[PDB]
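> Data file model_19.pdb (PDB, C-alpha atoms) is appended below.
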```pdb
ATOM      1  CA  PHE A 681     -36.398  34.569 -85.165  1.00  0.00           C
ATOM      2  CA  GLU A 682     -37.589  37.251 -87.542  1.00  0.00           C
ATOM      3  CA  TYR A 683     -37.149  39.076 -89.760  1.00  0.00           C
ATOM      4  CA  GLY A 684     -35.424  42.227 -91.048  1.00  0.00           C
ATOM      5  CA  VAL A 685     -35.694  41.802 -94.842  1.00  0.00           C
ATOM      6  CA  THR A 686     -32.178  43.147 -95.572  1.00  0.00           C
ATOM      7  CA  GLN A 687     -31.215  39.572 -94.794  1.00  0.00           C
ATOM      8  CA  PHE A 688     -33.336  38.319 -97.666  1.00  0.00           C
ATOM      9  CA  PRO A 689     -32.318  40.862-100.320  1.00  0.00           C
ATOM     10  CA  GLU A 690     -28.616  40.212 -99.921  1.00  0.00           C
ATOM     11  CA  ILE A 691     -29.493  36.532 -99.844  1.00  0.00           C
ATOM     12  CA  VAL A 692     -30.596  37.054-103.442  1.00  0.00           C
ATOM     13  CA  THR A 693     -28.217  39.528-105.092  1.00  0.00           C
ATOM     14  CA  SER A 694     -25.229  37.239-104.674  1.00  0.00           C
ATOM     15  CA  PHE A 695     -27.031  34.038-105.663  1.00  0.00           C
ATOM     16  CA  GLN A 696     -27.974  35.670-108.950  1.00  0.00           C
ATOM     17  CA  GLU A 697     -24.410  36.925-109.380  1.00  0.00           C
ATOM     18  CA  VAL A 698     -23.385  33.335-108.761  1.00  0.00           C
ATOM     19  CA  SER A 699     -25.713  32.470-111.633  1.00  0.00           C
ATOM     20  CA  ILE A 700     -24.176  35.049-113.957  1.00  0.00           C
ATOM     21  CA  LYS A 701     -20.589  34.166-113.138  1.00  0.00           C
ATOM     22  CA  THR A 702     -21.724  30.592-113.604  1.00  0.00           C
ATOM     23  CA  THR A 703     -22.598  31.994-117.005  1.00  0.00           C
ATOM     24  CA  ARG A 704     -19.162  33.186-117.636  1.00  0.00           C
ATOM     25  CA  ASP A 705     -17.095  30.334-116.226  1.00  0.00           C
ATOM     26  CA  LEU A 706     -19.377  27.670-117.672  1.00  0.00           C
ATOM     27  CA  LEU A 707     -20.056  29.940-120.668  1.00  0.00           C
ATOM     28  CA  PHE A 708     -17.572  28.112-122.862  1.00  0.00           C
ATOM     29  CA  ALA A 709     -19.489  24.859-122.971  1.00  0.00           C
ATOM     30  CA  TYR A 710     -22.379  25.658-125.301  1.00  0.00           C
ATOM     31  CA  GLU A 711     -20.996  26.844-128.579  1.00  0.00           C
ATOM     32  CA  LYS A 712     -19.429  24.182-129.389  1.00  0.00           C
ATOM     33  CA  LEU A 713     -18.879  23.127-132.961  1.00  0.00           C
ATOM     34  CA  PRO A 714     -16.149  21.835-135.267  1.00  0.00           C
ATOM     35  CA  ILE A 715     -13.233  22.236-136.248  1.00  0.00           C
ATOM     36  CA  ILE A 716     -13.177  22.095-133.130  1.00  0.00           C
ATOM     37  CA  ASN A 717     -12.075  25.676-133.177  1.00  0.00           C
ATOM     38  CA  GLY A 718     -12.983  25.605-129.498  1.00  0.00           C
ATOM     39  CA  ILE A 719     -11.765  29.101-128.715  1.00  0.00           C
ATOM     40  CA  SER A 720     -12.614  28.960-124.997  1.00  0.00           C
ATOM     41  CA  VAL A 721     -12.371  26.156-122.430  1.00  0.00           C
ATOM     42  CA  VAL A 722     -15.634  25.202-120.720  1.00  0.00           C
ATOM     43  CA  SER A 723     -14.024  24.939-117.251  1.00  0.00           C
ATOM     44  CA  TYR A 724     -11.080  27.145-117.969  1.00  0.00           C
ATOM     45  CA  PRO A 725      -9.365  29.518-115.568  1.00  0.00           C
ATOM     46  CA  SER A 726      -8.373  27.712-112.349  1.00  0.00           C
ATOM     47  CA  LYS A 727      -6.160  30.640-111.381  1.00  0.00           C
ATOM     48  CA  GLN A 728      -8.973  33.101-112.057  1.00  0.00           C
ATOM     49  CA  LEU A 729     -11.465  30.669-110.528  1.00  0.00           C
TER      50      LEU A 729
ATOM     51  CA  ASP B 521     -25.940   5.752-136.321  1.00  0.00           C
ATOM     52  CA  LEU B 522     -26.132   8.819-134.048  1.00  0.00           C
ATOM     53  CA  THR B 523     -29.911   8.646-133.743  1.00  0.00           C
ATOM     54  CA  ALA B 524     -29.660   4.841-133.635  1.00  0.00           C
ATOM     55  CA  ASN B 525     -27.458   4.453-130.582  1.00  0.00           C
ATOM     56  CA  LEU B 526     -29.015   7.581-129.091  1.00  0.00           C
ATOM     57  CA  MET B 527     -32.458   6.034-128.835  1.00  0.00           C
ATOM     58  CA  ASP B 528     -30.797   2.699-128.095  1.00  0.00           C
ATOM     59  CA  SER B 529     -29.114   4.505-125.214  1.00  0.00           C
ATOM     60  CA  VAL B 530     -32.643   5.460-124.193  1.00  0.00           C
ATOM     61  CA  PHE B 531     -33.615   1.798-124.569  1.00  0.00           C
ATOM     62  CA  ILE B 532     -30.952   0.041-122.496  1.00  0.00           C
ATOM     63  CA  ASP B 533     -31.496   2.328-119.484  1.00  0.00           C
ATOM     64  CA  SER B 534     -35.274   2.358-119.872  1.00  0.00           C
ATOM     65  CA  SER B 535     -35.380  -0.198-117.041  1.00  0.00           C
ATOM     66  CA  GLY B 536     -34.723   1.418-113.704  1.00  0.00           C
ATOM     67  CA  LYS B 537     -34.918   4.853-112.107  1.00  0.00           C
ATOM     68  CA  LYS B 538     -34.174   8.468-112.928  1.00  0.00           C
ATOM     69  CA  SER B 539     -30.512   8.891-113.832  1.00  0.00           C
ATOM     70  CA  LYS B 540     -28.637   8.662-110.571  1.00  0.00           C
ATOM     71  CA  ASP B 541     -26.343   6.963-113.063  1.00  0.00           C
ATOM     72  CA  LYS B 542     -25.318  10.406-114.268  1.00  0.00           C
ATOM     73  CA  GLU B 543     -22.835   8.593-116.478  1.00  0.00           C
ATOM     74  CA  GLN B 544     -25.998   7.794-118.427  1.00  0.00           C
ATOM     75  CA  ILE B 545     -26.881  11.508-118.608  1.00  0.00           C
ATOM     76  CA  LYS B 546     -23.457  12.405-119.880  1.00  0.00           C
ATOM     77  CA  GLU B 547     -23.259   9.120-121.782  1.00  0.00           C
ATOM     78  CA  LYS B 548     -26.335   9.740-123.942  1.00  0.00           C
ATOM     79  CA  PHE B 549     -26.060  13.493-124.022  1.00  0.00           C
ATOM     80  CA  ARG B 550     -22.276  13.867-124.120  1.00  0.00           C
ATOM     81  CA  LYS B 551     -21.677  11.116-126.675  1.00  0.00           C
ATOM     82  CA  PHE B 552     -24.677  12.401-128.600  1.00  0.00           C
ATOM     83  CA  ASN B 553     -22.897  15.755-128.743  1.00  0.00           C
ATOM     84  CA  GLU B 554     -19.652  13.987-129.694  1.00  0.00           C
ATOM     85  CA  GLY B 555     -21.139  12.138-132.638  1.00  0.00           C
ATOM     86  CA  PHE B 556     -23.254  15.149-133.540  1.00  0.00           C
ATOM     87  CA  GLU B 557     -20.243  17.396-133.938  1.00  0.00           C
ATOM     88  CA  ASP B 558     -18.407  14.590-135.720  1.00  0.00           C
ATOM     89  CA  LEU B 559     -21.237  14.535-138.237  1.00  0.00           C
ATOM     90  CA  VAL B 560     -21.321  18.314-138.554  1.00  0.00           C
ATOM     91  CA  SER B 561     -17.538  18.225-138.908  1.00  0.00           C
ATOM     92  CA  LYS B 562     -17.580  15.779-141.790  1.00  0.00           C
ATOM     93  CA  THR B 563     -20.555  17.608-143.268  1.00  0.00           C
ATOM     94  CA  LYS B 564     -18.177  20.517-143.877  1.00  0.00           C
ATOM     95  CA  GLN B 565     -16.114  18.488-146.369  1.00  0.00           C
ATOM     96  CA  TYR B 566     -18.832  18.640-148.999  1.00  0.00           C
ATOM     97  CA  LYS B 567     -20.522  21.694-150.478  1.00  0.00           C
ATOM     98  CA  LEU B 568     -23.619  20.971-152.496  1.00  0.00           C
ATOM     99  CA  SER B 569     -24.562  22.221-155.925  1.00  0.00           C
ATOM    100  CA  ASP B 570     -28.238  21.494-156.423  1.00  0.00           C
ATOM    101  CA  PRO B 571     -30.348  23.726-154.168  1.00  0.00           C
ATOM    102  CA  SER B 572     -32.989  20.994-154.109  1.00  0.00           C
ATOM    103  CA  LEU B 573     -30.345  18.583-152.851  1.00  0.00           C
ATOM    104  CA  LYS B 574     -29.651  21.088-150.082  1.00  0.00           C
ATOM    105  CA  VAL B 575     -33.358  21.095-149.252  1.00  0.00           C
ATOM    106  CA  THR B 576     -33.432  17.312-149.669  1.00  0.00           C
ATOM    107  CA  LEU B 577     -30.527  16.265-147.436  1.00  0.00           C
ATOM    108  CA  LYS B 578     -31.436  19.101-145.057  1.00  0.00           C
ATOM    109  CA  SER B 579     -35.050  18.138-144.457  1.00  0.00           C
ATOM    110  CA  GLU B 580     -34.261  14.418-144.603  1.00  0.00           C
ATOM    111  CA  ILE B 581     -31.722  14.546-141.799  1.00  0.00           C
ATOM    112  CA  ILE B 582     -33.843  17.042-139.827  1.00  0.00           C
ATOM    113  CA  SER B 583     -36.717  14.563-140.039  1.00  0.00           C
ATOM    114  CA  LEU B 584     -34.270  11.825-139.065  1.00  0.00           C
ATOM    115  CA  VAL B 585     -32.984  13.470-135.921  1.00  0.00           C
ATOM    116  CA  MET B 586     -35.522  15.829-134.377  1.00  0.00           C
ATOM    117  CA  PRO B 587     -38.361  13.918-132.579  1.00  0.00           C
ATOM    118  CA  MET B 588     -35.886  11.724-130.736  1.00  0.00           C
ATOM    119  CA  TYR B 589     -34.319  14.828-129.238  1.00  0.00           C
ATOM    120  CA  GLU B 590     -37.787  16.314-128.738  1.00  0.00           C
ATOM    121  CA  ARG B 591     -39.221  13.550-126.549  1.00  0.00           C
ATOM    122  CA  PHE B 592     -35.757  12.733-125.197  1.00  0.00           C
ATOM    123  CA  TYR B 593     -34.396  16.185-124.493  1.00  0.00           C
ATOM    124  CA  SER B 594     -37.812  17.023-123.067  1.00  0.00           C
ATOM    125  CA  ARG B 595     -37.895  13.695-121.246  1.00  0.00           C
ATOM    126  CA  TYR B 596     -34.548  14.167-119.527  1.00  0.00           C
ATOM    127  CA  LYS B 597     -34.269  17.940-119.057  1.00  0.00           C
ATOM    128  CA  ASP B 598     -35.157  17.530-115.362  1.00  0.00           C
ATOM    129  CA  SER B 599     -31.939  16.309-113.784  1.00  0.00           C
ATOM    130  CA  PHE B 600     -29.930  19.296-112.519  1.00  0.00           C
ATOM    131  CA  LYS B 601     -30.222  22.937-111.690  1.00  0.00           C
ATOM    132  CA  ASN B 602     -27.614  23.389-114.429  1.00  0.00           C
ATOM    133  CA  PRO B 603     -28.255  20.704-117.033  1.00  0.00           C
ATOM    134  CA  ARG B 604     -26.100  23.137-119.059  1.00  0.00           C
ATOM    135  CA  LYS B 605     -23.047  21.519-117.495  1.00  0.00           C
ATOM    136  CA  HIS B 606     -24.235  18.155-118.831  1.00  0.00           C
ATOM    137  CA  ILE B 607     -26.668  18.831-121.699  1.00  0.00           C
ATOM    138  CA  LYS B 608     -25.835  21.459-124.245  1.00  0.00           C
ATOM    139  CA  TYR B 609     -28.379  22.175-126.967  1.00  0.00           C
ATOM    140  CA  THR B 610     -32.000  23.139-127.265  1.00  0.00           C
ATOM    141  CA  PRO B 611     -33.976  21.864-130.215  1.00  0.00           C
ATOM    142  CA  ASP B 612     -34.164  25.553-131.109  1.00  0.00           C
ATOM    143  CA  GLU B 613     -30.421  26.046-131.341  1.00  0.00           C
ATOM    144  CA  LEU B 614     -29.782  22.581-132.770  1.00  0.00           C
ATOM    145  CA  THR B 615     -32.385  23.347-135.425  1.00  0.00           C
ATOM    146  CA  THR B 616     -30.507  26.604-136.073  1.00  0.00           C
ATOM    147  CA  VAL B 617     -27.232  24.657-136.410  1.00  0.00           C
ATOM    148  CA  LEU B 618     -28.884  22.460-139.032  1.00  0.00           C
ATOM    149  CA  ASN B 619     -30.289  25.543-140.740  1.00  0.00           C
ATOM    150  CA  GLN B 620     -26.783  26.943-141.063  1.00  0.00           C
ATOM    151  CA  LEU B 621     -25.298  23.559-141.752  1.00  0.00           C
ATOM    152  CA  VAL B 622     -26.757  24.134-145.221  1.00  0.00           C
ATOM    153  CA  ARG B 623     -25.058  27.242-146.500  1.00  0.00           C
TER     154      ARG B 623
END
```
What's the structure tokens form of this structure?

Amino acid sequence: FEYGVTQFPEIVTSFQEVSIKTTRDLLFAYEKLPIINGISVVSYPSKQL
Amino acid sequence: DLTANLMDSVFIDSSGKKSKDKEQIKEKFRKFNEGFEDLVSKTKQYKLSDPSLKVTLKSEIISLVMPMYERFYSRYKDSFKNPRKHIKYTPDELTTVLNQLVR
């Protein structure tokens, strides 16, 4: 069963966007110092998630 | 103490397999981050006066910490597609933290 590569391109351009939004949701882990003035929660917005 | 029980936490689970005990991943690496930011936190209480003491304590504690995290970070950076969600620092960025721990 093959092939029609417009399958494969849109198989990518969401997986990468999953990686970037992974790097905005999970963005607030690596900062991460004292006070802690931890100004953003590493697993924060369950509504917006 | 941080380096001590860090490499001891390497030692006690040096027996078996790769960390399917991911409580050991987040044990060593999370609690390493815990005690690390405790130490950076209580480093902030004191502000040095000799520049050569800044160089001294700086390069001393750099030479204390680093190779553990080099062989150990680099040993155990092969456990997830996002180790990010378990392991936080590079040696690059941790080095940078130490280099602006000493303003």
> With chain B as the partner and 9 Å as the cut-off, tabulate the residues of chain A that qualify, each row holding the nearest pair of atoms and their distance in Å to one decimal, using all atoms listed in the file, sorted by chain and rising number, as CSV.

```
residue,atom,partner,partner_atom,distance
A:706,CA,B:605,CA,7.2
A:709,CA,B:608,CA,7.3
A:710,CA,B:608,CA,5.5
A:711,CA,B:608,CA,8.4
A:712,CA,B:557,CA,8.2
A:713,CA,B:557,CA,6.0
A:714,CA,B:561,CA,5.3
A:715,CA,B:561,CA,6.5
A:716,CA,B:561,CA,8.2
A:722,CA,B:605,CA,8.9
```
> Quick one: distance from CA of residue 551 in chain B to CA of residue 521 in chain B in Å, one decimal?
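Rounded to one decimal, the two atoms are 11.8 Å apart.
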> I'd like the neighbourhood of residue 589 in chain B as a PyMOL selection string, where a residue qualifies if any of its atoms comes within 10 Å (using all atoms listed in the file), though same-chain residues fewer than 3 positions away should be ignored.
chain B and resi 523+526-527+549+552+585-586+592-596+609-611+614
> Could you tell me how far CA of residue 720 in chain A sits from CA of residue 599 in chain B, in Å to one decimal place?
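Distance reported for this atom pair: 25.7 Å.
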> Would you write out, as a tab-separated table (two decimals) with C-alpha atoms, in the coordinates of the input, every residue that the PyMOL selection byres ((chain B and resi 569-580) around 9) captures in this file?

```
chain	number	residue	atom	x	y	z
B	567	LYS	CA	-20.52	21.69	-150.48
B	568	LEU	CA	-23.62	20.97	-152.50
B	581	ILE	CA	-31.72	14.55	-141.80
B	582	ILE	CA	-33.84	17.04	-139.83
B	583	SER	CA	-36.72	14.56	-140.04
B	584	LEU	CA	-34.27	11.82	-139.06
B	585	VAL	CA	-32.98	13.47	-135.92
B	618	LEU	CA	-28.88	22.46	-139.03
B	619	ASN	CA	-30.29	25.54	-140.74
B	621	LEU	CA	-25.30	23.56	-141.75
B	622	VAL	CA	-26.76	24.13	-145.22
B	623	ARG	CA	-25.06	27.24	-146.50
```
> Run the PyMOL selection byres ((chain A and resi 725) around 12) on the file and write out the hits as number ranges by chain.
A: 704-708, 720-724, 726-729
> Just give me the gap between CA of residue 531 in chain B and CA of residue 588 in chain B in Å, one decimal is fine.
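These atoms are spaced 11.9 Å apart.
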> Let me have the centre and edge lengths in Å, one decimal, of the box along x, y and z around every listed atom of range 710-724 of chain A with 6 Å of margin on each side, as AutoDock Vina command-line options.

```
--center_x -16.7 --center_y 25.5 --center_z -126.7 --size_x 23.3 --size_y 19.3 --size_z 31.0
```
